[PDB]
Each structure stands twice: as C-alpha cells, then as structure tokens.
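[1] An experimental structure, sequence included, is below.
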Amino acid sequence: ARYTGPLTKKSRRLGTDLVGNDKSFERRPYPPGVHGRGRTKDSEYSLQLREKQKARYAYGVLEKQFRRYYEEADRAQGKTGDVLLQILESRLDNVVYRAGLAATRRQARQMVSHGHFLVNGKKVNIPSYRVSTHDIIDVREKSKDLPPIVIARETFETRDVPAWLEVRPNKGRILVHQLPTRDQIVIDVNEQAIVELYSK
Amino acid sequence: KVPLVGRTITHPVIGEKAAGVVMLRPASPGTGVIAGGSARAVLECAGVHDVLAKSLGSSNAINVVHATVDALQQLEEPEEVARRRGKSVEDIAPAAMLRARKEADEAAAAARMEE
Amino acid sequence: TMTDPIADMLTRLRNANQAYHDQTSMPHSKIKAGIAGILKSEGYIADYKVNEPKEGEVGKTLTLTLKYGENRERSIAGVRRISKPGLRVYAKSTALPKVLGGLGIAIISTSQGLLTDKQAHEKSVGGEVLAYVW
Amino acid sequence: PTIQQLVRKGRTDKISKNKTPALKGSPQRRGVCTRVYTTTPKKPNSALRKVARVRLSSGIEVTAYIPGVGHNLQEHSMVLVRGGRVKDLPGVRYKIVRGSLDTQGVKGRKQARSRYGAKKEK
Amino acid sequence: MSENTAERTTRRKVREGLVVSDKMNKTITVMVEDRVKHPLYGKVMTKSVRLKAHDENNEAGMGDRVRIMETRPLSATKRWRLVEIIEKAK
Amino acid sequence: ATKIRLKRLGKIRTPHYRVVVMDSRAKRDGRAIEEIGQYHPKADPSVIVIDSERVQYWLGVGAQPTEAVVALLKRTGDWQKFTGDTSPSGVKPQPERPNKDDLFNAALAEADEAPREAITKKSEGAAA
RNA sequence: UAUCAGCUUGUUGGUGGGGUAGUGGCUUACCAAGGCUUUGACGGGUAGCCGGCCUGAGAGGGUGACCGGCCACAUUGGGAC
RNA sequence: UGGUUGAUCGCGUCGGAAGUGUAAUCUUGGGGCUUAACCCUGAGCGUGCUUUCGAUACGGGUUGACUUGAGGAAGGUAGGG
Ligand SMILES: [Mg+2]
Ligand SMILES: [Mg+2]
Ligand SMILES: [Mg+2]
Ligand SMILES: [Mg+2]
Ligand SMILES: [Mg+2]
Ligand SMILES: [Mg+2]
Ligand SMILES: [Mg+2]
Ligand SMILES: [Mg+2]
Ligand SMILES: [Mg+2]
Ligand SMILES: [Mg+2]
Ligand SMILES: [Mg+2]
Ligand SMILES: [Mg+2]
C-alpha cells in the first residue's frame, strides 16, 4: 500500500522530475528499460494518464485514494483541478515537505507515519491527515533532534516556503495561514488533463 | 471566429452536416472538454476549455468534424444577438453570463499585464 | 383541417423569414395578436398590424412586418411550438424554460396574460409554454 | 408515432438474449465429464481443440473447452465449468476452470498462472 | 345549547358523475371521469371509474348527471349516496 | 403502555441514544411516536438534551419513563417540574471549550520563544 | 400475457330477521335480474410491497440483501378455544 | 383531435397557506472517532397527496353569437365511372 521501488525510473517514464535534482535524471529524455529511445505516438489517454501518474507519484498517493480525492474535488464547488491540487497539498506529509522540515515527500511520510509530529496538540501518524486552516503542526518534543530534522534546519534557507505556511524552523512549528490556492501550488502537472481523464 | 464567453461556449447548439450530429453545451469553469476525439480536437483548437459535446448520428470522423464545425458556426455572440433584436446586452442576455464575461476579461487583463 | 392556429402563425413566420419576405399575413385571433405584440416588444419583428377585413370582408387580418439587419441578416434565428394540441406543456414558476441559454425567449401564457419567461419569473407565475422563439 | 399512439401502445424493449443458459444464474457450475475428446476448429484456423461433454449439476449437458497446453481430465472426472465462448468452435459456450476439482493446473506455466490454476513455484 | 366540538369538520368525499345504470332497486351506477397527466408522455388522459351509489326512491335515471357523497358500506359494492341531480338529461 | 425511553444509535462501542416516545410493544430501534431529545454518554460530562415542553406534555399525558430517562429528567430538571420532588437537579455541566483562531493568532505572534526555543534546539543539536 | 373473450347465481340490488367490537350477501328467508368486460373482465405466467440500493447528464432502466415500515406464514390442510 | 368570438364555471393549469411525506439513507452545514471509512447533529430533499384561499391567459364544461372550414339549394358542366 506504498510505492517502495525506485523513483528515478518513474520520473524518467513520466518525463519530468518527480522530486529532487542533479541526479540520474541526466538520462531524462527517455523512459527506463531497453526500449526507451524510440519515438512515441502519445494518444490523448496516454497524455492524460501521464498527467495523473505524475501527480500520483509526486504526492505518493495510490489509485483508490487519488480517485476518492477526485470525487471530493468534483463535488466541491469551484474548479475541480484547483480543488484536487488543494486537497493533495493539504495532505500532512506534503505540508511538512512544503514547510521544509523534510528533504522529500518520502522522508516526510516516514517521519509522519513514525509519529514525530503533533497536530495542534494531538499526535498524528497518518500521512494522509488533511490539515485544515489555522492549524499548528509541531515536531514531537522527544524527536526535536532527529538527524533529518537537523539537516532540514541547516538547509531550509535555500528552500522556498509557500505563502500559505509560516515555519518556525528551529522551533519545528508550521502555522497554516490558509488552505492554498492554485497560484500557490507550484505548477508541475495538468490538473485539467487529470479531470478530463477521470471522465472517460 | 468562435464566440467564447470566458473559455466556454456562449449557448447550447446542435449542429449537423450530412449525418454527423454534434450537440454542444457550455459548462462551468474547470469542467474541461468533455467531447469525443474529433469534436474534442476541434474544440481544443478553437480554444474552448469548458464544454460538453456529444456525438449523435454517424461516427465517421469527417462528418463529425463538419457537424462540430457548423455547431460552432451556429453560435451567436451576445452583442450580435442584441444587434439582431434591436436591444442591449443588459436587456437580452443573462446577468450571470455577462458577469462571467467581465471576470474572464479582467483575469485576461491580469495575464496580459503580467506577461 | 387546421388544428393549431398558433403553430400556423409560427410556421408562417418561419417560412416568410426564411424566404426573406418583408411582410406576412394570416387570419387574426386574440392570442395571435398577443404573441405578435410581445414579439415586437422583444424585437423579433419590425412591427405588426391588425386590419379590418376589406378583401374577403369576413374577418380581421393580422400582418407582421419583419426586420432584416445590415447585409440582409435574419432577426429571427428560429421559432418552435412547444404546447402542441396533441400534447400540452405547462411550466411552474420554478421550472420555467430557458431558450438559447437565455438569449432567446420562451413565450408562456400565464393567468396574467401572455408573458415572456423573464417576465413570468419576475412575477413568479407559470402557465402554458406556447413557444421558444429565439 | 404520435403521442396518442404511444399512449395506446407504449415502447417495448428488446429481448436481451442470454448467453449461458446451462449455468442457470451461477458464475460456475459443477459437472461430470461424460466425454473427453478433440474437435477440429472452424475455418479459417486449424487445430485439435480439446473439449469435453459435461453433465452439469443443473441437469444440462454441454460442451466445454479445456484451455492450456496440458490435460489430465478423462471419463467421469469432476470439473468446474465457467462461462466463456470459443469463437472458432460452433456450440462451445463454456470453459473448464483449471486447478479446480479433478482438473489440474497447466504444468509449465510461468505467466498468467492464475488463469490456468498453476501454483507459484519457489 | 352547549354541544361538544361541533362542525365535526371531517368532511367526506364528493364525486360528480353520469348515471350509467339505474335498473336495480335503490342503486345507480355512476361513471366519474378525472383528467390526469400520463406518467411518462405527459398527455392529459381521461380516467373513468364506475361508482355504485344508493338512490332512495329511485329518483335518478339513465344519462342523468348526479352528485354522490361517500358513505359507510351500504352493501357488498355500494359505498356512495346520491345527494342531488345536477342535470336531468332524460 | 406508552414509554419514554432510549433508542440506541451509533457505532459499535460508541452509543448515542435518542430520548424517544413509543409504546412498550415496539422494538427498541424502531418507529417512534416522537423524538424528544438526545443523550451521548460516551462524551465527557455526557450530553443530555431534552425538549422540556414535549417531555412535560408526555409525562402529563401519562407516558412512563424508563429508569435511564428518569435519570436524564432528574438532571434536566423536568423530573422535578413534573412529580415535584427534592432532587439536586444538576443541569448538565458543559463539556469545556477549545478554540483555534485565538491560538493561531497567539502563536503567529508568539514568535519570540517560538524561534527562541528554536535556537535553543539549535544548541540541542549542538548537544545532540 | 389476447396463440386467455366471455365471467358470475349469494352472483348484483331490495325488504325482514339473525349475527358481530363494527358497516356489509357477513348470514338467512323472500322478491327482483342483475353485476363485470376489448379503456382487457375471466384465465395463464411470475412476484411479498415499500423507505431504499445500483446505474444514468437527466429522463429512465434494474433491484427489494443488511437497516426501517406494512403484510403474509410457523410440518401440510382445517378448526375453534 | 378542433375555425373566429361574447358571457360564465374554475375540472385541467398557475400562485399562496395549513397538514402530511417517521427514522435511517441521500445532498449539505457543523461536531466526534489520531485521519478516513464510519458515527452524531442542524437544514434541505422527501419530486406527491389532502384541505383551503386566490388568478382566468390557455385546455375543457355550460351557454350565445359569426361564416371563412364543412355540407346543401339553384344554375352551369366534363368524362373508357
Ligand atoms: Mg438525419
Ligand atoms: Mg339486511
Ligand atoms: Mg414466491
Ligand atoms: Mg419493483
Ligand atoms: Mg426486514
Ligand atoms: Mg378552440
Ligand atoms: Mg373567453
Ligand atoms: Mg442525517
Ligand atoms: Mg474531525
Ligand atoms: Mg425522511
Ligand atoms: Mg369551452
Ligand atoms: Mg346540379
């Protein structure tokens, strides 16, 4: 119920950097496997499916839960892709990643599932915990000196925190100013393509 | 030219050339191009981003394309509707449609200035 | 024999508009005169007139003069009969039809006389959906 | 038709032909192999397709295909019969579920094993 | 004088119809017609039902338009009573 | 006899009762003549909402409460208004009150010791 | 379902009695000849009904598990206490 | 199924009001289970029905006109009917 295999293979297949940089993605222009350099047809399904899989492997969400997110966004009022990206960003592991306390979303999932975090006073070990507005995520007092935590404390200045979060790095406290908007989620997929895909 | 009231069709239409009937309806923003392959390609090239298109009649690609084409040609832009009726857009056309046109135009203004 | 004089009016108007005739004429009835009046007030025809019989000397004649814009352009994009004699259509104040996404007008006969949908909705009154002229 | 015609006599749908009557509303049915043999396919095509006349527990006797390279079932072998048509075989509308009851999984399978009842090999 | 909750309110069912059988004693079969939409095609149909009323004195004849009021079961099939005759077509 | 009793609802190991009015013969979780209140005992200082006017009407018309409903009416004070008895009538204590906006505004500004204990944990990694 | 067209004689109505918690051919005596039906009676087939469930843009189509309401039944048939 | 029109009824039709449409489900707003499923709670829905008060354009009922549809009279008239 969690993808544990290599991520560079998925990034190469999907054609975009799922996470990180300056890595084995120097072989980017071609998917993994023996048949990587051949010319591709890329149907509309192919395109749509690529966008959906890009979002899925970026956020570490499997198909059933991603589908559930899709119906929630579709029911919600407003743009379906905007709401879907808003939900995926409101996931707690992504919140930790965006605040910059984790090197990657996989590391954020690791620490969240291991329970190194407090949500507004209550301990949460659910990576899919949907953080609500005005929430206060806190690092567990016992685990305020994790090696990944201190690496993040050394590196966060380079990292860019989105406008909808406030982070007290050394304190391990992520204040949620508001639930993010499409202009605030970084554009790296085609949510419109995903929405069109979930209609066929 | 195709009249778009803010990234979507102005009003529902039904076009038909030979035997290729294509139905088009406007959709709320974010709905996407819910259309079959040929009609969807026609709409995506025309620039419509929120539309519901159904293909009635024959499924031949050429005829379906012509039906989508004359369905779009049947579109009647609100200002020219007002000219037709000898009235004003505020007197003939829905306030929600006109408003959505203003927000589309202004968001367009934002994008242009940002360039 | 004649069954729906309202449908006869609508088809006469449609055929004349298609053939680019400037005027069309028909036997007069009160409901036909009302529909012609609201068509004129909504701008789908140039004008209308009820004439006392002088050729057949039998009954009043309703005559509609149509309008074509610059470069001979139709002012009527179509007209359709809804409440047929075979099957009659009645709409409530909440389920009032929308024509051409609101650009066209449905003609509804309400208890307060002939009223275009927009009007009816404002008065929260329904009735018989006569036509969908757009 | 006119509205009055529709009122007097309404629309009637089609019959919606059934495909596997012998199963009698069951996903698969148990049967006994009353005959095991081979049949030539229709044309085009050419082979020795392995089939069996089976008396299913519904009391109906039908011809069932035996998929996979390999075959052990014989006279009076208890089998499970599921739906499934063999296109180049007139009169065959059922297949025998490998790996269930007397019939056993295809010997040298390593791909699509579950469809032929082959247990995973260490 | 001071009777109990008067009015009784509780009013009974009333039907206007046409007499189609008067040839049994103290009984008239009334045909009552109602107009309803067709459930699927929306046309306004005409639904007709035969109601047996109780006509004391046999005051109504064939083709008479009558008014009946529902009552308690007066026989195996009679459940209505004649209250007036509206048109005596004769 | 007409009873005022509890109709069980909710999950396994999480009961929420509806104080309802129905006759004795009816099954426990069935159609009720009227729903009067609710009773959540799983929650802190159990929630007890009872419609005073309706419960007074049903007591005065002769509905017989179950012992549980008698306890709830004692706590709501209805069992004293009807069948006047000297009982404490301990109207439910509230199950306290949290808040979110005030805490967020308190911490947004908290700043100071937020990043301050934060550089103290910097000294901690030093100690780490 | 018309490749089922006639069905019914306590049957339809009336009066008196009886009976019942109660109206009533519910029952009885007498009198009358009605009652239902091509807008489908009678017969055959299938079926517990519904709140709902699934699907569907909707209209509809399929369905009647859990849960809830009504009904029917308790080895088969009948009967009362 | 219904040409033109006067009057009237207010059955269809339309608009209010009251009653009803249990609960659960369902839609939606809040709340609780570490999240979710799930659960609680407010509202909507419950597409109808009954009662009642209005409106009268249209459909229909009742009733009276009109002649243009339809039929008839008189005269004219063609034809392997
Ligand atoms: Mg065609
Ligand atoms: Mg008697
Ligand atoms: Mg059965
Ligand atoms: Mg059913
Ligand atoms: Mg049950
Ligand atoms: Mg008429
Ligand atoms: Mg009139
Ligand atoms: Mg609820
Ligand atoms: Mg919660
Ligand atoms: Mg309900
Ligand atoms: Mg009339
Ligand atoms: Mg002659």
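    The structure has been received and is ready for your questions. Numbers count the residues shown, from 1 in each chain, chains lettered A, B, ... in the order given. Ligands and ions are numbered 1, 2, ... in the order given.
[2] Tell me which helix or strand the residue nearest the centre of chain C sits in.
    The centroid of chain C falls nearest to residue C:35 when counting by CA atoms, centre = their mean (4.3 Å). Secondary-structure element containing residue C:35, defined by DSSP states H and E: helix C:30-42.
[3] What are the buried residues along the very next helix or strand once past that helix?
    On the C-terminal side of helix C:30-42, the closest following helix or strand by DSSP H and E is strand C:47-51. Of all the residues in strand C:47-51, those buried under the rule 16 or more other CB atoms under 10 Å in any protein chain shown are residue C:48. Where C-beta positions appear, they are placed from N, C-alpha and C, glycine not excepted.
[4] What helices and strands are in contact with strand C:47-51?
    Using 3 or more CB pairs under 8 Å, 6 or more residues apart in numbering or on different chains; DSSP states H and E, the elements in contact with strand C:47-51 are helix C:30-42, strand C:61-65.
[5] For RNA strand H, which of these is the nearest?
    Nearest of the helices and strands packed on strand C:47-51 to RNA strand H, taken as CB to the nearest atom of the strand: helix C:30-42 at 3.4 Å.
[6] the strands in chain F, which residues?
    F:2-11, F:14-23, F:34-40, F:47-50, F:64-65 (DSSP state E).
[7] Residues contacting the first one, please?
    What it means is strand F:2-11. Identification of contacts with strand F:2-11 by CB atoms under 8 Å, 6 or more residues apart in numbering or on different chains yields F:15-24, F:28-30, F:32-33, F:36, F:39, F:55, F:58-59, F:61-66, F:68-69.
[8] can you count the residues close to the residue in chain E that chain F sits nearest to?
    Nearest to chain F in chain E, going by CB to the nearest CB, is residue E:5, at a distance of 18.6 Å. By other CB atoms under 10 Å in any protein chain shown, 6 other residues sit near residue E:5.
[9] Would you mind listing what in chain A touches chain B?
    A:44, A:78, A:79, A:80, A:81, A:82, A:192, A:195, A:196, A:199 (CB under 8 Å from any CB of the partner chain).
[10] Swap in 6 Å and give it another go.
    By CB under 6 Å from any CB of the partner chain, the part of chain A that sits against chain B consists of A:79, A:80, A:192, A:195, A:196, A:199.
[11] Are stretch A:66-77 and RNA strand H in contact anywhere?
    Yes: using CB under 7 Å from any atom of the strand, stretch A:66-77 comes into contact with RNA strand H via A:68, A:75.
[12] Look up the closest residue to residue B:26, ignoring the ones flanking it.
    Distances taken as CB to CB, 6 or more residues apart in numbering or on different chains place residue B:9 nearest to residue B:26, at 4.1 Å, with adjacent residues excluded.
[13] what's the answer for residue B:30, then?
    residue A:79 (3.2 Å).
[14] before we move on, what about residue F:88?
    Closest to residue F:88 by CB to CB, 6+ apart is residue F:74, at 8.0 Å.
[15] Buried residues, stretch E:78-89. List them.
    For stretch E:78-89, by 16+ other CB under 10 Å, it's E:78, E:79, E:80, E:81, E:82, E:85.
[16] Name the residues of chain A found near chain F, please.
    A:134, A:136, A:144, A:145, A:150, A:168, A:170, A:171, A:173, A:175.
[17] switch to 10 Å and redo it
    Residues of chain A lying close to chain F (CB under 10 Å from any CB of the partner chain) are A:120-121, A:132-136, A:138-139, A:141, A:144-147, A:149-151, A:153-154, A:166-173, A:175-177.
[18] wouldn't residue E:42 be in contact with residue C:91 here?
    No: the pair residue E:42 / residue C:91 is not scored as a contact, 11.7 Å apart, by CB atoms under 10 Å.
[19] Residue E:18 and chain D: what is the separation?
    Distance, residue E:18 to chain D, by CB to the nearest CB, to the nearest Å: 23 Å.
[20] Which positions are bridged to that residue in the beta structure?
    On the basis of DSSP bridges, residue E:18 is bridged to residue E:31, residue E:65.
[21] residues near whichever residue of chain C sits closest to chain E, how many?
    Nearest residue of chain C to chain E: residue C:87, at 5.1 Å (CB to the nearest CB). Using other CB under 10 Å, the number of residues around residue C:87 comes to 18.
[22] Residues of chain F that sit close to RNA strand H?
    So chain F meets RNA strand H at F:9-11, F:14, F:16, F:18, F:31-32, F:35, F:38, F:40, F:43, F:98 (CB under 7 Å from any atom of the strand).
[23] what's the closest of those to residue B:100?
    Nearest to residue B:100, judged by CB to CB, of the residues of chain F next to RNA strand H is residue F:98 at 40.9 Å.
[24] which one's the longest strand in chain D?
    Longest strand in chain D, counting by DSSP E: strand D:28-39.
[25] Walk me through which strands that strand pairs with, and which way each runs.
    Strand D:28-39 has these strand partners (DSSP bridges): strand D:49-56 (antiparallel), strand D:78-83 (antiparallel).
[26] Nearest residue to the closest residue to chain A within chain E in space, please, no chain neighbours.
    In chain E, the residue that lies nearest chain A is residue E:40 (30.0 Å; CB to the nearest CB). Nearest non-adjacent residue to residue E:40, counting by CB to CB, 6+ apart: residue D:10, 7.3 Å away.
[27] Touching, that neighbour and residue E:41? I think so.
    Yes: when contacts are counted by CB under 10 Å, residue D:10 is listed as touching residue E:41 (8.3 Å).
[28] which of the two has more neighbours?
    A direct count of neighbours by other CB under 10 Å for residue D:10 and residue E:41 places residue E:41 higher, at 14 against 11.
[29] does the more buried one really touch residue C:87, like I thought?
    Yes: counting by CB under 10 Å, residue E:41 does reach residue C:87; the two are 6.8 Å apart.
[30] Now residue F:41: closest residue in space that isn't a chain neighbour?
    residue F:15 (6.9 Å).
[31] Tell me what that neighbour is bridged to.
    Here residue F:15, judged by DSSP bridges, has bridge partners residue F:10.
[32] Residue C:12 and residue C:24 touch, don't they?
    Yes: if you go by CB under 10 Å, residue C:12 and residue C:24 touch, sitting 5.3 Å apart.
[33] Geometric centre of the chain: which residue is closest?
    Defaulting to chain A. residue A:59 (3.4 Å).
[34] that's the other chain; I wanted chain D
    residue D:94 (1.2 Å).
[35] From chain D, how far out is the most centrally placed residue in chain E?
    Computing the C-alpha centroid of chain E and ranking residues by CA atoms, centre = their mean puts residue E:68 first, at 3.2 Å. Distance of residue E:68 to chain D, computed by CB to the nearest CB: 29 Å.
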